Amino acid sequence: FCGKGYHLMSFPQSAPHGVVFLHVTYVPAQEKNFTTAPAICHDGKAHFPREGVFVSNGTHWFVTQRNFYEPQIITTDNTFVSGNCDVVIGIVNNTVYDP
Amino acid sequence: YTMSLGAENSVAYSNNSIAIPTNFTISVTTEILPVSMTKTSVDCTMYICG
Amino acid sequence: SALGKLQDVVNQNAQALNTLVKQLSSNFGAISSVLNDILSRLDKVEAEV
Amino acid sequence: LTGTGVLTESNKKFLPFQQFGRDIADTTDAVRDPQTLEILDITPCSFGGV
Amino acid sequence: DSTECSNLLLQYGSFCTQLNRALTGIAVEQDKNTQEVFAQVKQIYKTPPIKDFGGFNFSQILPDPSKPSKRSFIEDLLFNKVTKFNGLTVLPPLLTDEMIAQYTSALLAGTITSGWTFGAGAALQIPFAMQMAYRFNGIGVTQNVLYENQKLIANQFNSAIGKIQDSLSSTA
Ligand SMILES: *[C@@H]1O[C@H](CO)[C@@H](O[C@@H]2O[C@H](CO)[C@@H](O[C@@H]3O[C@H](CO)[C@@H](O)[C@H](O)[C@@H]3O)[C@H](O)[C@H]2NC(C)=O)[C@H](O)[C@H]1NC(C)=O
Ligand SMILES: *[C@@H]1O[C@H](CO)[C@@H](O[C@@H]2O[C@H](CO)[C@@H](O)[C@H](O)[C@H]2NC(C)=O)[C@H](O)[C@H]1NC(C)=O
Ligand SMILES: *[C@@H]1O[C@H](CO)[C@@H](O[C@@H]2O[C@H](CO)[C@@H](O)[C@H](O)[C@H]2NC(C)=O)[C@H](O)[C@H]1NC(C)=O
Ligand SMILES: *[C@@H]1O[C@H](CO)[C@@H](O[C@@H]2O[C@H](CO)[C@@H](O)[C@H](O)[C@H]2NC(C)=O)[C@H](O)[C@H]1NC(C)=O
Ligand SMILES: *[C@@H]1O[C@H](CO)[C@@H](O[C@@H]2O[C@H](CO)[C@@H](O)[C@H](O)[C@H]2NC(C)=O)[C@H](O)[C@H]1NC(C)=O
Ligand SMILES: *[C@@H]1O[C@H](CO)[C@@H](O[C@@H]2O[C@H](CO)[C@@H](O)[C@H](O)[C@H]2NC(C)=O)[C@H](O)[C@H]1NC(C)=O
Ligand SMILES: *[C@@H]1O[C@H](CO)[C@@H](O)[C@H](O)[C@H]1NC(C)=O
């Protein structure tokens with residue numbers, strides 16, 4: 001609607017018998033492949049991300065936002081506990097750091 | 001020639017793969033939309049019986 | 001070609017008036033196009049039509 | 001020719017065989033005096049809405 | 001097929017010209033509307049040969065190479081329900097049915113393989129389960145409701161698609 005991409009802001013401009021909008025959009029350019037998982041099993045319970053998604057660079061698992069790459073350690077402040085680890089499809093094993 | 005609808009991109013989709021961007025480009029795009037037109041008050045009488 | 005959406009509107013508004021003024025000088029089955037040339041050429045009954 | 005308008009001194013240099021000039025949409029806007037061979041435009045008289 | 005009629009009509013000005021121009025403008029407008037409605041992506045995305053979408057069954061809305069027209073079952077059901085000498089000419093559309101079907105298939109493949117990232121930029125691959133988790137987080141429901149009831153939601157979606165097909169094939 002406000003241009004192609006994630007609209008940040010727009011600036012109006014006058015035109016003869018019309019109006020011109022300068023839409024400022026946020027478009028991602030460089031992406032990379034990552035191995036993801038729906039949740040994490042630490043002590044029998046499942047850990048789902050609050051605001052983000054689990055990614056793996058081959059050996060370690062991190063939690064990062066959906067629109068930018070910012071890996072962080074999987075802590076209790078980032079993931080919440082819900083249910084057990086016997087019903088989630090594709091769940092994996094990884095340690096959850098406790099502060 | 002028969003027009004092509006663009007390139008053919010096959011997204012590498014699987015149950016354990018995700019593409020998260022590592023950078024971004026702030027782009028500004030223009031858009032022109034008409035608002036009004038020139039007024040024209042044609043005299044209904046002088047046009048036919050000047 | 002950036003302001004083509006406005007240029008087209010301006011061109012259409014100009015062409016409408018151009019076509020109107022050009023059709024003003026038509027005959028529409030009459031003996032002439034000029035009003036006075038038909039008024040001051042025949043009688044009243046033959047010019048009313 | 002015939003019509004109603006306000007004349008004025010013109011700057012359009014006609015040709016030795018041209019008598020009356022017309023602008024776009026086929027409207028008489030300039031005529032030549034047959035006696036003094038001068039060019040003078042014929043603009044329509046003032047009209048509008050009250 | 002008359003000569004004197006044309007000489008009599010030439011005295012009415014340029015009505016035929018403006019009518020033909022209006023009809024041509026209408027045709028160009030219809031073409032532009034179709035292009036703006038369907039042609040919205042720059043790359044024709046193709047679904048992968050594997051259908052591991054987390055239990056969701058999209059075979060009833062994806063094209064089938066077995067039939068000549070590259071259209072799906074619902075598209076075939078929709079196309080099977082819609083039914084000169086004086087100047088009446090019908091101009092063919094620019095984008096044929098095959099190109100519209102290819103655009104629809106590209107949109108569907110992009111939606112099922114990249115969520116909504118293919119509209120704002122490049123198509124970022126993502127499992128369909130995590131896409132549905134993002135949808136649930138958008139509608140205000142925690143993703144654990146989806147991750148713990150994925151089979152039920154998949155079965156409900158399949159049953160809904162089947163009911164839609166039955167309704168499109170039964171009534172008009
Ligand atoms: C994300 O994308 C932006 C834009 O493409 C990247 O910024 C660019 O970074 C390169 C690398 O430093 C810059 O090149 C440099 O140019 C200077 C001359 O200005 C030259 O002396 C250096 O040797 C080098 O070649 C480039 O100018 C810069 N572009 C802009 C517009 O600032 C950015 O690095 C990317 N981020 C990541 C993490 O890759
Ligand atoms: C995945 O990311 C982890 C975290 O950065 C990497 O582990 C680091 O690797 C560097 C490179 O040798 C070491 O210097 C660090 O000490 C490591 N840190 C930890 C906490 O182990 C790991 O190498 C990455 N793996 C790949 C394949 O890229
Ligand atoms: C993700 O998809 C792949 C591909 O279908 C799955 O790999 C299959 O796993 C089964 C059971 O382990 C094997 O019988 C198949 O031979 C595998 N196929 C291939 C091509 O390797 C994988 O199990 C899926 N993972 C999840 C979590 O759903
Ligand atoms: C994650 O860890 C659990 C527990 O350590 C693993 O569950 C074990 O699986 C093996 C093989 O199926 C069984 O023999 C054990 O009895 C299980 N232990 C428990 C406590 O249930 C689970 O397999 C691990 N997941 C992965 C992907 O490695
Ligand atoms: C028509 O007659 C008038 C005079 O009755 C001519 O005007 C004169 O033209 C000469 C030659 O250019 C000038 O020297 C005089 O000064 C003009 N007199 C006036 C009063 O204007 C006019 O040229 C004649 N036109 C034609 C076509 O013969
Ligand atoms: C999606 O639904 C269709 C329709 O039910 C499934 O097609 C059926 O597949 C089974 C097993 O091969 C056949 O016995 C049926 O005859 C098929 N029915 C029709 C109408 O074609 C299809 O298998 C489903 N998709 C998946 C991945 O299971
Ligand atoms: C991810 O892997 C696929 C298949 O190997 C490849 O086509 C794609 O380019 C990769 N992604 C990136 C960002 O390179």
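Every residue number used here counts from 1 along the chain in the order it is shown.
Determined via electron microscopy, 3.4 Å.
Every residue gets a Cβ built from N, Cα and C, even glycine.
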Task: Swiss-Prot annotation, disulfide partner of A:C85 among A:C2, A:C41 - done: A:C41
Task: Number of other Cβ atoms within 10 Å of the Cβ of A:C41 (disulfide bond) across all protein chains - done: 19
TODO: Could you measure between A:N33 (N-linked glycosylation site) and A:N57 (N-linked glycosylation site) for me? Cα positions, answer in whole angstrom.
DONE: 9
TODO: Tell me which recorded positions (A:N33, A:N57, A:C85, A:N93) have a Cβ under 6 A from ligand 4; sequence order is fine.
DONE: A:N93
TODO: Using a 10 Å cut-off, grab the number of neighbouring Cβ atoms around the Cβ of A:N33 (N-linked glycosylation site), all chains included.
DONE: 14
TODO: Taking Cα atoms as reference points, rank the recorded positions A:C41, A:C85, A:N93 by distance from A:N57 (N-linked glycosylation site) and give the first.
DONE: A:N93
TODO: Taking chain B as the partner, extract the recorded positions from A:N33, A:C41, A:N57, A:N93 whose Cβ is under 8 Å from a partner Cβ; order them by sequence and answer 'none' if none remain.
DONE: A:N33
